[PDB]
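J.: Got a structure for you, written out below as structure tokens; questions coming shortly.
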Amino acid sequence: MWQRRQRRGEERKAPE
Ligand SMILES: CC(=O)Nc1ccc(-c2cc(CN3CCOCC3)c3ccc(C#N)cc3n2)cc1
């Protein structure tokens with residue numbers, strides 16, 4: 001998958 005951390009504000013950054 002991809003583009004999941006975008007909803008949070010990181011786009012695609014490490015887990016937490
Ligand atoms: C506190 C808090 O929310 N913490 C947290 C935990 C996990 C993530 C997270 C989620 C996804 C994607 N999902 C895709 C479906 O199966 C599970 C993972 C990611 C996908 C790609 C990348 C990269 N490079 C990082 C990701 N990071 C971001 C933040």
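Chain lettering (A, B, ...) mirrors the order of the structure tokens, residue numbering begins at 1 for each chain separately, and ligand numbering begins at 1 in order of display.
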Mind running chain A against ligand 1 at 6 Å and telling me each contacting residue's nearest atom pair with the distance in Å (one decimal), counting only C-alpha atoms and all ligand atoms, chain and number ascending, as a tab-separated table?
T.:
residue	atom	partner	partner_atom_place_in_ligand_line	distance
A:1	CA	ligand 1	14 (C)	5.7
A:2	CA	ligand 1	21 (C)	5.5
A:4	CA	ligand 1	12 (C)	5.1
A:5	CA	ligand 1	28 (C)	5.5
A:12	CA	ligand 1	23 (C)	4.5
A:13	CA	ligand 1	25 (C)	4.9
A:14	CA	ligand 1	25 (C)	5.0
A:15	CA	ligand 1	7 (C)	3.9
A:16	CA	ligand 1	4 (N)	3.5
